[PDB]
Amino acid sequence: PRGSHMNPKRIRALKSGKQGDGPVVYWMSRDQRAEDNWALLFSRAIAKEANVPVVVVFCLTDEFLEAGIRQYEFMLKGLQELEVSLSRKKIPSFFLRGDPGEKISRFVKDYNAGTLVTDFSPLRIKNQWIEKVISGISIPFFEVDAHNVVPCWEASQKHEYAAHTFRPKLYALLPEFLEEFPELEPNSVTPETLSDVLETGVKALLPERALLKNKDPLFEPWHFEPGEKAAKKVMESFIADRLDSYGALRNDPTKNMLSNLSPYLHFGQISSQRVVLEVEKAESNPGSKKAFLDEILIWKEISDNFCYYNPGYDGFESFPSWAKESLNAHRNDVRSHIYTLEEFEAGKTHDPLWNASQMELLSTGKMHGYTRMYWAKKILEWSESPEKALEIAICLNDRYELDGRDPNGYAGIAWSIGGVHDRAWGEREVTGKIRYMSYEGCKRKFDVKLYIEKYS
DNA sequence: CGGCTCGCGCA
DNA sequence: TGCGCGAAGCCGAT
Ligand SMILES: Cc1cc2nc3c(=O)[nH]c(=O)nc-3n(C[C@H](O)[C@H](O)[C@H](O)COP(=O)(O)OP(=O)(O)OC[C@H]3O[C@@H](n4cnc5c(N)ncnc54)[C@H](O)[C@@H]3O)c2cc1C
């Protein structure tokens with residue numbers, strides 16, 4: 001409804017009804033940013049057509065107890081900057097604590113909202129909140145895909161087996177959906193503390209903090225500055241300094257040649273469409289430009305496709321039949337080593353390369369992309385069962401990665417353990433036909449000793 | 001039937 | 001280091 005630079009294919013109606021006379025309320029969950037936000041822009045256009053103001057509601061759930069301080073501070077500090085950014089545009093931001101299924105419905109009734117808009121996320125918990133909200137509200141409810149360049153329900157209607165099947169589909173719809181972002185218009189009609197919730201949450205997560213021998217924290221919070229503004233600087237530095245050499249050095253953990261955009265992209269502090277727009281105009285190495293675009297467009301959005309069309313995305317049942325049969329037949333194979341969650345967590349294994357990868361995960365919260373494959377695949381090799389390996393890999397990924405609890409993580413773990421979006425390889429013990437990685441293979445691609453010595 | 005985001009031999 | 005084969009099941013264009 002309404003909009004000249006707005007594609008209607010980015011919005012879908014979750015619930016029909018009579019449009020109320022109150023303000024249009026935007027339920028911000030995934031895209032925590034002010035600029036290049038389709039969901040916020042569409043909420044403004046609906047408000048403009050109805051001559052009502054637009055407001056933003058963020059519901060703080062109990063999910064931060066499962067995660068750590070590193071994710072809590074990163075999200076909270078970005079929200080504090082976001083509050084000022086919306087305030088400059090005369091857009092009020094309301095922060096609620098509790099279950100969104102009950103808090104959002106209460107806010108709609110109390111604030112007398114006219115229309116409700118929310119961003120899209122294929123996670124299981126989001127669909128549970130939406131269904132609860134729908135039964136408690138009586139105004140139209142819309143969903144906007146502000147995370148993907150091409151809407152998830154529009155790119156493909158089925159689960160995609162491999163990237164080479166999804167690649168032609170995505171690139172065919174690029175000329176339509178890849179476009180510039182109109183500026184956010186400030187509100188014409190004007191009508192909890194973020195510091196207190198930060199202090200309250202931190203005290204609850206203090207006992208669960210990872211520590212060293214001398215009770216010293218392992219996490220180093222100066223590597224990534226949270227916030228919308230800092231994410232712009234990371235993109236600018238990557239395009240100017242790192243994008244040219246990305247194609248040749250993205251598989252070398254000893255070189256900081258990655259975009260470092262996943263923590264910002266996970267919380268929606270920067271738009272992946274915005275990154276694509278600046279990358280496309282950038283005149284750099286054609287090989288590196290193609291390599292980076294294949295990651296942020298295909299592999300990032302196919303991860304949303306995997307979780308959207310597979311409700312068991314974090315389970316063994318989502319694996320392909322060939323992988324399940326191979327893993328089933330190799331259940332009784334004697335493992336070379338057996339490690340529990342705690343031994344994996346502290347990095348007390350016989351592999352010095354695996355332990356160094358974990359320390360980078362512990363200290364920085366963002367382990368290098370190449371070593372994540374080795375990190376996850378060796379968990380399967382040294383665990384009781386494939387279910388145990390999937391349980392440990394998901395737990396350590398969500399607990400310590402800044403980009404954890406993301407569709408890119410569940411798809412990545414399933415790729416490493418269950419061969420999702422992959423193919424069969426040579427037959428092996430324990431791991432069967434799942435793709436294999438060895439220490440000697442990494443030794444021939446990068447300086448392993450430098451990586452190991454960098455992280456003890 | 002062609003071709004997919006590893007190890008390994010060889011220059 | 002970069003290149004080409006090997007080992008493996010299956011989708012998708014016909
Ligand atoms: C076992 C495992 C677990 C992972 N855990 C997570 C996670 O929790 N959260 C997360 O966001 N990513 C995860 N990834 C994906 C990938 O490792 C990260 O996106 C990347 O390492 C982050 O560094 P970067 O963005 O600087 O790398 P870049 O090469 O600069 O990545 C560019 C962008 O493309 C996307 N992308 C790149 N590689 C992948 C990939 N393999 N799968 C999906 N999208 C990709 C991301 O949006 C990323 O920001 C995981 C991968 C594996 C193998």
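Chain naming here is simple, since letters A, B, ... match the order of the sequence lines and numbering starts at 1 in each. All values below come from the heavy atoms of this structure, side chains included, with hydrogens, waters and symmetry mates left out.
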task: Pick base, sugar-phosphate or nothing for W425(A), based on heavy-atom distances below 4.0 Å to the nucleic acid.
output: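 Base: the residue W425(A), judged by heavy atoms under 4.0 Å, touches a nucleobase.
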
message: If a pair means Watson-Crick or G-U wobble with both distances below 3.5 Å, what does DNA chain C look like in dot-bracket form, with | marking bases paired to a different strand?
response: |.||||..||||..

message: By nearest heavy atom, map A424(A) and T165(A) onto DNA chain C; which one lands nearer the 5' end?
response: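 Nearest nucleotide further toward 5': that of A424(A).
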
Nearest whole angstrom, please: distance from the [atom2] of [N] to the [atom1] of [X].
| X | N | atom1 | atom2 | result |
| --- | --- | --- | --- | --- |
| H330(A) | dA8(C) | NE2 | P | 10 Å |
| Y436(A) | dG6(C) | OH | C1' | 17 Å |
| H159(A) | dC11(C) | NE2 | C1' | 11 Å |
| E427(A) | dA8(C) | CD | P | 7 Å |
| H164(A) | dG12(C) | NE2 | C1' | 7 Å |
| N251(A) | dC6(B) | CG | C1' | 12 Å |
| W415(A) | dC4(B) | CH2 | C1' | 12 Å |
| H421(A) | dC6(B) | NE2 | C1' | 18 Å |

- prompt: If only side-chain N and O atoms of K445(A) are considered, is one of them under 4.0 Å from the OP1 or OP2 phosphate oxygen of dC6(B)?
  reply: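 Yes, such a contact exists.
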
message: With a 4.0 Å cutoff (strictly under), does any side-chain N or O of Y370(A) reach OP1 or OP2 of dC6(B)?
response: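 So the side-chain polar atoms of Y370(A) do come within 4.0 Å of the phosphate oxygens OP1 or OP2 of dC6(B), strictly under.
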
What nucleotide, of [options], holds the atom closest to the side chain of [X]?
| X | options | answer |
| --- | --- | --- |
| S438(A) | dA7(C), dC11(C), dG7(B) | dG7(B) |
| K433(A) | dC11(C), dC6(B), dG9(C) | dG9(C) |
| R435(A) | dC8(B), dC6(B), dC10(C) | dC6(B) |

- request: Mind listing the closest non-hydrogen atom pair of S326(A) and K433(A) along with its distance?
  value: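 It is OG-N, 3.0 Å.
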
query: What heavy-atom pair brings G418(A) and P320(A) nearest, and what distance separates the two atoms?
result: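 So the minimum-distance heavy-atom pair works out to O-CD, 3.4 Å.
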
- prompt: Under the side chain to side chain donor-acceptor pair (under 3.5 Å) test, which residues partner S272(A), sequence neighbours left out?
  reply: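 Here the qualifying residues are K300(A).
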
- prompt: Which of these passes ring pair (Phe, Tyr, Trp, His ring centres under 6.0 Å) with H421(A): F306(A), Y313(A), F166(A), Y161(A)?
  reply: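 Per the ring pair (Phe, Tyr, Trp, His ring centres under 6.0 Å) rule, the option paired with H421(A) is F306(A), out of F306(A), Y313(A), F166(A), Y161(A).
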
- prompt: Can the positive tip of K377(A) be found less than 6.0 Å from the middle of the six-membered ring of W382(A), inside 45° of the ring normal?
  reply: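 That pair does not qualify as a cation-pi contact.
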
field: Separation of the P atoms in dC10(C) and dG7(B), to the nearest angstrom
entry: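 Result for the P pair: 23 Å, nearest Å.
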
- prompt: Just checking, any donor-acceptor pair under 3.5 angstrom between side chains of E160(A) and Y309(A)?
  reply: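 Absent: no donor and acceptor within the cut-off.
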
query: Is a donor-acceptor contact shorter than 3.5 angstrom present between the side chain of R428(A) and the base of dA8(C)?
result: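 Donor-acceptor pair under 3.5 Å: no.
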
- request: Answer yes or no: does atom CD of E66(A) have more than 12 heavy-atom neighbours from other residues, nucleotides or ligands under 6.0 Å?
  value: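 Not buried by this count: 12 neighbours or fewer within 6.0 Å.
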
